[PDB]
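For reference, the chain that follows is the form deposited in one PDB entry, supplied as structure tokens.
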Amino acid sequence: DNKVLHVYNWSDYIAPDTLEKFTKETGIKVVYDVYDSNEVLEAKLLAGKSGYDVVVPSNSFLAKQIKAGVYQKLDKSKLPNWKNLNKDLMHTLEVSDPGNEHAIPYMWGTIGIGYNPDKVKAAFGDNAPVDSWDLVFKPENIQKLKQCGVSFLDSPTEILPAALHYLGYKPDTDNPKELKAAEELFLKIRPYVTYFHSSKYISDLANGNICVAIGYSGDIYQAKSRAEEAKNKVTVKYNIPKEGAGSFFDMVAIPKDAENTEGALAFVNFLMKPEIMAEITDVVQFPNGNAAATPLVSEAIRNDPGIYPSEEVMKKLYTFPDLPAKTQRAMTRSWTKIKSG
């Protein structure tokens, strides 16, 4: 039945009327499921017959899934809105997806420091280095924050590179000694981490349950917004630290065994409509991959350096690599050890 579409996307990553408008235009109903990690999506895909027509991996995982033959090539004649994509971004994405054959950029962002300034001051003292990775990777520092709660993503492939970076190593290093050093750094700060989770931190941060979350940029902006709408006195801020940060890029793609491919292509095309993509960015506060959409984004969002960064900040951002299996395996092993008491 080409009038039903099964989508699996990140949580907190669409506008509340996006699907209603898609169905209104197309008559295609959408069953929409959400995840908060690449690993969950990855396991589904690799096992095969996932039951989804559209999924949204990060670009690091997309590159690997493409080589593994997970996705079908997009029929670009069914995607007239392709013209709206930022061509410069599409060029950089060619490394992961030669000829941009399988996917389009949905949204992207950074992994940095979300925090509650009042709670940090009370716990830390005046002038906490809230604009620096030293805030959390210096044991004496995170120790002061243990009091109001510090979270990190449950995402080894995105968090261990922050440790690597902090130690002065390349964030895409495969060197076993550097990787191990990253693990040792985390073990030192681990007693002061309240939890590792990739979505729970939005509510906790908005509600005042924690005072620092190392998380996805747009997520922290949503927490800020929820806080403001709650009128419950919680102030949330986000910094891309002075030293730089990792940047992830999420990509829409179509599993080879998609039951409906025609509808999936319709959905992908619908997402490249300028006003549709801009409305999404307004709500979830991650920049998108659509040059035609930028002008239609609210100016407080488009003009915010934590969402659309300046050229100078861009130069300090790194991407997450297509990982060799041995590195992934080492990272997984470290992450199990780190998460556990």
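From 1 onward, residues are counted along the sequence shown.
A second form of this protein, the form deposited in another entry, is not displayed here; the remarks below concern that form.
**Student:** With one rigid part turning against another between the shown form and the other one, at which of 247, 173, 191, 180 does the hinge fall?
**Tutor:** The listed residue located at a hinge is 247.
**Student:** Considering a change of 3 Å or more, are the Cα atoms of residue 201 and residue 56 closer or farther in the other form than here?
**Tutor:** Those two alpha carbons end up farther apart in the other form.
**Student:** Taking the cut-off of 3 Å or more as given, in which direction does the distance between the C-alpha atoms of residue 215 and residue 31 change in the other form, closer or farther?
**Tutor:** So the answer is farther.
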